[PDB]
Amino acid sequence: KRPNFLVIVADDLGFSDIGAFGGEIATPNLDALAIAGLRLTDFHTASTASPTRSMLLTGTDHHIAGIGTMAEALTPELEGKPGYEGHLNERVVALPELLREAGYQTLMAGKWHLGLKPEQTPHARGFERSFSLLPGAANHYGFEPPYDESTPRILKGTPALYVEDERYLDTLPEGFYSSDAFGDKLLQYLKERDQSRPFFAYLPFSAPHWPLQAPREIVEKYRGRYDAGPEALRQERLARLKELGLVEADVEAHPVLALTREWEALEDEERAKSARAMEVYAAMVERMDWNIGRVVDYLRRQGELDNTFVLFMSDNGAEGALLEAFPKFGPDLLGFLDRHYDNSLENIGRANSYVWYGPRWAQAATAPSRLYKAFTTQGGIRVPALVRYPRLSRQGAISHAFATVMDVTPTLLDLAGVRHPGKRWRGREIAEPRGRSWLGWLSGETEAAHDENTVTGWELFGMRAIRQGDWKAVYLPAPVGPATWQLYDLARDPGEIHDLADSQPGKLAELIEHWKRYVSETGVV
């Protein structure tokens, strides 16, 4: 009996946000899956959305698969470079393409971020039914600003661009809210399925990505919950992570780094607005979980859930960016929002608000890790993940076994009984996976899918990392870092605090040789 797959991806959700990962946010559906399943604490993505998604659906690195950098960041200089096409390219075959030609029904509702053009949509790349937001973000209610010369580039790049199969949509339905619409559509496609054949269901939410927006009735459940601020929260999260066994009691958390004012330096009005942004975030996460519950509860009542491999993950670390801090996102983002949105306290969270919660709230959720989204430190690339599938032996536990998002395609092919086609598919050259199937590990035959000699690289925006076993070197250029390689023993120092470059040069030099091979093999520019 071939299993079904349900692959759920949160957008910018933090490590300790979910209850079963140490958080205060109501996530009852995900908690039940997590505690019955396997919770992963050493599972990694890339540091932002589209790199990670290209890896998820191929089993190889984003510099091969077409998102060598984010499409939104491409330059004339990068044009023509293999794997910097700005969309999922044809140097790869996608997981749904392989499963569909083997009898699986491929169903998707959510954010794509792997191409905007017709030949790059889910319908072109293996999904028989799909309801999708093509860009990397959008207003969750479909409220659009005017688009003219004056519009900030970050808003120009995030329109509410939706497609259903081949149909680029003209209007969005009344009551549109991104998470609810994705739950509604995937539920529709499941109810309409051929019940005599398995499905591959992909549920990439755009929540809890900015702009932070959620139903007022849910935000109201969190009124006052965050009045003590993001460092009080970080302390609550760290304590809970340790109580639950997700982090060891002796772990030294990375200090919090922000150019903004600390909570106690803020004025009452400023704190109230920041706390409300976190209340709205919490509601986004709760409402995402509610929609997950609708899908999972349907499958449960169908008697399909126990034969469904359920994977939940976030796509990168929590979002600590200050969007106002980047001229590339402008011009004049704050002024534009002042003149076109209403970010006053009582409107934060509504369709015509536009807020993001900033670096201190983000680092509460990445703690004890260093930094957050778009960095190659663990705060950017270690994300929460769970697997619920009762056939497998390793269930009910917390695992600190090393894993990455590139392992997912090989694992699901393995479970599906489908071989990766090798180096050719549909008359073209394609890449072979760099990840490894989890089935030996999850069946109890081995302790992990990787070992102390496994080598994994990362690069984005000029930031780098290279890992072998539990040794990891990081390169952060100015003014994000010292502009030289730093070396961490993640087994002793998960916070990437103690730079061993000077005391262990032999190890660093080994990892630099691995970095150079990673560059060569994947086409890093």
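Note that residue numbering begins at 1 and tracks the sequence as displayed.
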| property | result |
| --- | --- |
| Comparing 515 to 523 with 4 to 12, the one whose average Cα B-factor in the PDB entry is higher | 515 to 523 |
| Mean C-alpha B-factor comparison - 50 to 58 and 496 to 504, higher one | 496 to 504 |
| C-alpha B-factor winner, where the candidates are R223, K242, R394, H140 | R394 |
| C-alpha B-factor winner, where the candidates are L74, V310, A181, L212 | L74 |
| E231, C-alpha B-factor rank within chain (lowest, middle or highest third) | lowest |
| Third of the chain's Cα B-factor distribution that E262 belongs to, per the entry | middle |
| Record-listed C-alpha B factor of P198: chain third | middle |
| B-factor third for the C-alpha atom of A272 within its chain | middle |
| Modelled-residue ranking by C-alpha temperature factor, third containing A478 | highest |
